[PDB]
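Numbers here are sequence positions counted from 1.
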Amino acid sequence: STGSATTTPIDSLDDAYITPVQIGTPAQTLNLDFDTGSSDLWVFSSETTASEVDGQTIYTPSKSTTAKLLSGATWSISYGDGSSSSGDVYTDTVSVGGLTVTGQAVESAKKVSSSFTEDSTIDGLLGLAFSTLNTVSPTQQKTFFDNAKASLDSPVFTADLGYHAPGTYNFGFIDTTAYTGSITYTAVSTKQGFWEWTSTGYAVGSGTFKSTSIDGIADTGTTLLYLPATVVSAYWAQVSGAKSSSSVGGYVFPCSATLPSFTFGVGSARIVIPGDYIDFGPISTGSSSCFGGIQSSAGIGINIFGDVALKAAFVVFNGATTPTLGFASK
């Protein structure tokens with residue numbers, strides 16, 4: 001089997017991407033944030049505290065003839081940005097782009113933190129990291145991909161995120177029309193539950209490539225590119241007037257700037273992030289200070305190849321017995 005679904009930016013800055021997902025019988029379609037950095041499929045629901053729902057579409061398990069309470073199961077997750085959610089668990093039928101999993105754990109939110117409430121466009125998360133990170137207790141549950149994998153034509157999914165435009169998540173096949181040149185594959189460590197890999201270095205603009213190992217995670221659920229402070233400083237030093245602002249919470253730059261590209265290495269191959277991908281717009285409405293898309297990972301504790309990086313590539317999440325990651329230009 002295979003599946004193919006379009007993923008769409010939630011706003012004009014590509015702050016996140018949503019993908020329609022069918023849950024239950026009859027189908028209830030929710031727009032979920034596909035997140036290769038976590039492993040819970042959770043949704044706003046009829047059980048979510050009313051004051052914490054503000055415009056999201058909810059899953060109502062009582063209206064699904066295939067929903068079953070997973071008795072005694074609870075979940076609770078906290079993400080790197082301090083956001084969180086928790087609740088109980090149903091199993092139900094879940095379909096993405098024509099690919100169907102029966103008995104998928106659908107984690108129903110009883111509580112969500114303020115940033116989730118405040119984002120009316122995201123109805124939940126669909127985790128695509130390794131199932132070892134799943135938070136369901138006392139019986140850990142599998143991700144949608146883990147459940148689908150054996151049925152897929154090939155045990156892979158691909159992320160093809162757009163810049164200020166829709167893109168595609170495919171399951172079970174590699175669309176050879178969706179990228180240019182060849183796909184370069186690179187090793188993955190699953191030890192921390194992430195799609196963790198090591199970039200071979202970077203360049204800023206037309207500058208020379210610096211060969212240096214950068215361990216980090218391929219994370220569609222993080223907006224920006226978070227890298228070591230040394231790398232980030234080298235980038236922003238090429239932008240007149242750019243500075244790290246403690247009050248704003250990262251590097252800002254004059255909105256009048258033309259940003260340089262940023263290149264990262266994948267083995268001997270190179271992925272080029274155009275300068276415009278690194279512009280996240282005014283820090284507040286009407287400001288001439290703009291927020292940068294490349295930020296320091298210092299104090300996160302891990303480097304993160306988030307959407308800013310991934311959207312410059314066609315990315316293969318290869319779930320073979322020994323997982324690997326593939327990157328192609330597009």
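- Checking side-chain atoms of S39 against main-chain N and O of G127 turns up no donor-acceptor pair under 3.5 Å.
- A distance of 9.5 Å separates CZ in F171 from OG in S4, rounded to the nearest 0.5 Å.
- Using a 3.5 Å distance cut-off with no hydrogens or angles, the side chains of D54 and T117 do not pair a donor with an acceptor.
- By the 4.5 Å heavy-atom criterion applied to side chains, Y202 and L227 are not counted as neighbours.
- Side-chain contact check for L259 versus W236: some heavy-atom pair is nearer than 4.5 Å.
- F253 has its side chain within reach of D279: a pair of non-hydrogen atoms, C-beta onward, lies under 4.5 Å apart.
- Looking at heavy atoms from C-beta onward, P20 lies in side-chain contact with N31 at the 4.5 angstrom threshold.
- The closest donor-acceptor contact from the side chain of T49 to the backbone of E52 lies at 3.5 Å or more, if one exists at all.
- No hydrogens or angles considered: a donor-acceptor pair under 3.5 Å links the side chains of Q104 and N147.
- For the residue pair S78/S84, the side-chain donor-acceptor check at 3.5 Å is not satisfied.
- Pairs of residues two or more places apart, or lying in two chains, never qualify as disulfide bond (SG atoms under 2.5 Å apart) while including a residue from residues 296-330.
- Counting heavy atoms from C-beta on, the side chains of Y277 and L225 never come closer than 4.5 Å.
- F305 and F264 have their aromatic ring centers within a separation under 6.0 angstrom.
- Atom CG of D307 sits about 7.5 Å away from atom CG of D219, to the nearest 0.5 Å.
- With hydrogens and angles disregarded, no donor-acceptor distance shorter than 3.5 Å links the side chain of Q22 to the backbone of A27.
- No hydrogens or angles considered: a donor-acceptor pair under 3.5 Å links the side chains of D81 and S83.
- The shortest distance between side-chain heavy atoms of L70 and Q141 falls below 4.5 Å.
- Checked by atom type, the side-chain pair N303/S297 shows a donor-acceptor distance below 3.5 Å.
- When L125, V89, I77 are each tested for a side chain to side chain contact (heavy atoms under 4.5 Å, CB included) with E107, only one passes: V89.
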